[PDB]
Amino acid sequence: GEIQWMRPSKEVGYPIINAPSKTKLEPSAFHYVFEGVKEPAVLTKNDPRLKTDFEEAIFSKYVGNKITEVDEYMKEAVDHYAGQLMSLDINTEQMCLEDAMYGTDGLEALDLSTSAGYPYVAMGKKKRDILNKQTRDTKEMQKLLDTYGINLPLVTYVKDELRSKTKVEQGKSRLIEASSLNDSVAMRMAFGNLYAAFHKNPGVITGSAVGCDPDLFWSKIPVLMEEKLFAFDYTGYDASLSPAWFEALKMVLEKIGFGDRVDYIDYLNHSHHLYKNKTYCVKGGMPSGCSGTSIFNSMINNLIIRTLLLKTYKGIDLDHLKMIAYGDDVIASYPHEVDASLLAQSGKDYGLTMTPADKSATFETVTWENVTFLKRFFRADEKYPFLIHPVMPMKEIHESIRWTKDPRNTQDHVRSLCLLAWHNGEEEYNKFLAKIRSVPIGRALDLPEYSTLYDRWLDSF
């Protein structure tokens, strides 16, 4: 991805967008009961913590576009992946505005907590005014879709979340490129059935984990993998994507019955943005807040790994490439060992920066002992080894519980962390519960005991 031009939203007739200047993150009742080194991310150029220019930092992710055309390897990757998807017999029909807005089997209803994007964010209109579960009314939106249409600018917000100290000082805050409710609805109508097929089929056929449930899915992953695992991390995956990867994605879509609406992908690729009082154009780069961002990033990851394997290992048998991606995150395998270091070198030629899996200093063998996916390890259960525990490190949980955005959501936030924490074992969990109950707020929460979580987990399969 690369910014082609940036200038005053007024010079081009666009309104200034208001972006909160203060974080909603404040120390929680457990701030001092647990150890943690993370702080709220810089949300403005004035933040006393900044040790470098803010604007430069937040846009530095667009490192450029490395490749221009879809080469031979990419085309073969396209053919093979499209070939796999065809076996799912995905309903290629468009989705009725109704299901597209209020959900249906395989597709949750639009989230009312997220921005409605332009122009509504300048007209002060909110999603709650437009839709409404009860009636499941198309009327109002149908009306807004004729008035403003689609292909509207993307509203860019700085993500309000916890970041390391070093990323605070370097203004390395993440951005949320929010789309208009119009486009969000259009695409869900256009690709809704695609989204649903993926959500209902996490695994090695879709090569996607989007919409999965770790508690159950972790037990199926080892079975789906080939003998030898390989992985690696991406630096700025989304922003590094070149236009060619979007073209390859369009090729896959056309091959499975959606050439009908591949123009939509063009907007993800060549995108128009509004940030503050500025407007900019980006060539390439997957926008963070669009409908289908996760699934399209996962599909592209499936094309990328295939491409890098074909380019590095002529004769490779892709039918035995067993991989599962969640956006840029991926867990993959092959019957024979492969060199992630080599794959990484080929990656640069495609505009991708790959590094040792999980911040390793060097590319080392990936094992069931050290592999992670969605930040979780894999640990076979002591009593029933065929059941696999997705193990989220307690450090992650400790960082999260030390902060809050809404004291009214304390119960849900803490309960959620408990559903992640117990997998670390009964001893660890009870210590976690003990610390939570060492302060008044914690003692008033309705939290599940270990035995209860464990027995319910055993019964869920």
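Heads up: residue numbers just count along the shown sequence, starting at 1.
Asker: Between 22-30 and 389-397, name whichever shows the higher mean Cα B factor according to the PDB entry.
Answerer: Comparing 22-30 with 389-397, the higher mean C-alpha B-factor belongs to 22-30.
Asker: Can you tell me which stretch has the higher mean Cα B-factor, 237-245 or 376-384?
Answerer: Per the PDB record, 376-384.
Asker: Between 340, 310, 324, 168, where does the Cα B-factor run highest in the record?
Answerer: Answer, based on the entry's C-alpha B-factors: 168.
Asker: Hey, out of 250, 125, 75, 320, whose CA B-factor is highest in the deposited coordinates?
Answerer: Highest CA B-factor of the listed options: 125.
Asker: If you rank the chain by CA B-factor, which third does residue 413 end up in: lowest, middle or highest?
Answerer: As the PDB entry reports it, the C-alpha B-factor of residue 413 lands in the lowest third of its chain.
Asker: Where does residue 148 sit by CA temperature factor within its chain: lowest, middle or highest third?
Answerer: As the PDB entry reports it, the C-alpha B-factor of residue 148 lands in the highest third of its chain.
Asker: Mind checking which third residue 210 falls in for C-alpha B-factor across the chain?
Answerer: Its C-alpha B-factor belongs to the lowest third of this chain's values.
Asker: Sorting by Cα B-factor within the chain, modelled residues only, which third would residue 364 end up in: lowest, middle or highest?
Answerer: Its C-alpha B-factor belongs to the highest third of this chain's values.
Asker: Could you tell me which third, lowest, middle or highest, the C-alpha B-factor of residue 258 occupies within its chain?
Answerer: Answer is middle: the recorded C-alpha B-factor places it there.
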